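Below is one structure, written out as structure tokens; the observations come after it.
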Ligand SMILES: O=C(Nc1cnccc1C1CC1)[C@@H]1CCNc2cc(Cl)c(Cl)cc21
Ligand SMILES: [Cl-]
């Protein structure tokens, strides 16, 4: 029993964190085999951030301009290339702590663990989700750039996020490990703003099924709904549309609890209308949307 | 910006998790130097049950390597299995006993394999609101101080309300619990007041000020309100501990107490603080300072 926001054990990722210094800028890098991945904005000045020509700034750099530090050991940069918004620094030593890994691009609603780092030193690990507006509600301070998001399935680390910047509302934007930003964001200090955020409906439903699995049924009702009527109501509460794919994804949880997806959808509709009336669901007074159907199955069953 | 429930990086602890099998029971063990620590319920008269077991009855597995047990002894509710091999991944460590209200990270394990890490608080009723399934026994709670891991908890059991009970690494249970199959219930829980205040300071640091007011209160008047809402009494030590956060934000500790008192009597009124509709009590003043300053390990 119990339901917590749980992160993956960070050990496999800790052994990959290095410090990358270029001029006055110091941030984090991810050392996998003989490559160090980091945000390309490490080559920028604060005077360059508005309209940086990264290709122009990078061509003026040599290997010895990039100082890479793995613990108390300075790694030697022997090559450098840019792939989208990530800088790839070829180093003369392969990381002996390199785990089995993959670079995966995630979709909004997906969750991952973040190993927050400063100066190539890990300071904390937390769980979060890619918001529908492609931002993440993280906890980052200056120097956290290059901190990574990941999932660990079996013994393989799937890297899905690299932190690049904080938007004016305090939310964060970053890229996949191939340098492609999530969302309409650019690594420029130009006025950008996160789009209106929405609630991850399939995740709230997954979390309601987790609550049923842990013995909480107070919110269930005798009603059902069509998928369309649910979407018409839920869009009025800034909830993401629920697709037939989401209904299918919820199938195992529906089978385990005996509550049809559209029946759980009617309970959600009622919860949005009534609120909780001083009650909680899994220790929360708000509808939690940062647990996927996969996270619920993993934590509540194995 | 941002405020998350954040755990310590678990790497130093992951390199210590082993699987311990005794008969039909399999649980987790903590391998430090040449000793494996695990709950003594893996084997009730525990002296009588232990005397009947030999070293080869305990199967200890570190990854795909079987460790050989060369000795065994019991210290309170923890079993100490002397093994032939010292853990090369042994970090700098200490065994510390924590007080209620203190927080720690839990590395949840099944079959000696870490599956997740989460941040917990030792409740005033000595239980933890953890997330554990069968096989999680022997999972450990820890804090990191620079490069030193301070082990503070070992999981032993789940109480009927779904909350968890365990010991420090010397086998002393937190709370009035015993490691036997009998009727055990967690006492009435209370809210960790100093932690709620620390979390209100974290909210101010992140730009949430709606709950602030011009008022202040005495420590006695606040403690009369704290008792009414099942909140732990706030001591002068708690006020002192909150000093740095009071200096940083410009809001005196008793000034924040009047904010808390008004939140307890009036509620949030449809509003949230740090994305929460409830007053959060599982961040200590130190956790707030560490997360709102970026300390590394
Ligand atoms: O955002 C940034 N850092 C950061 C990350 N996460 C959290 C807080 C921070 C610092 C605000 C405290 C950095 C530096 C500041 N400006 C900036 C601008 C651009 Cl275009 C890019 Cl790509 C990176 C940055
Ligand atoms: Cl995905």
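Rounded if a/c is under 1.5, else prolate if a/b beats b/c, else oblate: with a ≥ b ≥ c from the C-alpha gyration tensor eigenvalues square-rooted, which is segment B:15-91? Prolate is the answer for segment B:15-91, as a/c is 1.5 or above and a/b outweighs b/c. Rounded if a/c is under 1.5, else prolate if a/b is larger than b/c, else oblate: which is segment B:190-293, with a ≥ b ≥ c the root eigenvalues of its Cα gyration tensor? Taking the square roots of the gyration eigenvalues as a ≥ b ≥ c, segment B:190-293 is rounded. Normalised by the number of residues in chain A, the mean separation of alpha-carbon contacts (under 8 Å, six or more apart) gives a relative contact order of 17 percent. Beta bridges from DSSP with both residues in chain B: antiparallel share about 90 percent, rounded to the nearest 5. One Cα centroid belongs to segment B:55-83, the other to segment A:198-221; the line between them spans 42 Å. In a Gaussian network model over chain A where Cα atoms closer than 10 Å are linked, find which of A:168, A:99, A:122 has the largest mean-square fluctuation. With Cα springs under 10 Å in chain A, the top fluctuation among A:168, A:99, A:122 is at A:168.
Taking the beta-carbon count within 10 Å as an exposure proxy, list A:188, A:279 from fewest neighbours to most.
Least to most surrounded, the residues fall as A:279, A:188.
Taking every residue in B:270-278, how many Cβ atoms of other protein chains lie within 10 Å of its Cβ, on average?
Mean number of neighbouring Cβ atoms from other chains: 2.
For the residues of A:122-134, the average number of beta carbons from a partner chain within 10 Å of their own beta carbon is 5.
First check a/c for the protein assembly as shown, with a ≥ b ≥ c the square roots of the eigenvalues of its C-alpha gyration tensor; if it is under 1.5, answer rounded, and if not, answer prolate when a/b is larger than b/c or oblate otherwise. In terms of gyration-tensor shape, rounded. Highest mean packing first, where packing is the average number of other Cβ atoms within 10 Å per residue, the peptides A:251-258, A:230-237, B:7-14 line up as B:7-14, A:230-237, A:251-258.
Helix A:261-274 and the longest principal axis of the Cα set of chain A meet at an angle near 90°. Among beta bridges from DSSP that stay inside the protein assembly as shown, the antiparallel ones total about 90%.
Expressed as a rounded percentage, what relative contact order does segment B:190-293 have, with Cα pairs under 8 Å and six or more residues apart? Working shown, then result.
Numbers: 119 pairs, mean separation 49.8, N = 104.
The value is 48 percent.
With each label modelled as a point 7 angstrom along the Cα→C-beta vector, the residue B:95-residue A:191 pair spans 6.2 nm.
The distance separating the Cα centre of segment B:134-148 from that of segment A:273-289 comes to 31 Å.
Arrange the following residues from fewest to most other Cβ atoms within 10 Å of their Cβ: B:164, A:80.
On the way: B:164 28, A:80 18.
Neighbour counts put them in this order, fewest first: A:80, B:164.
So what's the back-of-envelope 222 nm ellipticity for the protein assembly as shown, counting only DSSP H runs of four-plus at -39500 (n - 2.57) apiece and dividing by all residues, rounded to 500? Display every interim value, and only then the final one.
Numbers: 16 runs with 134 residues, N = 599.
About -6000 deg cm²/dmol.
Quick note: the coordinates plus some simple rules give every number you see, no bench work behind them. Neighbour counts are summed over all protein chains in view; Cβ atoms, including those assigned to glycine, are modelled from backbone coordinates with ideal geometry.
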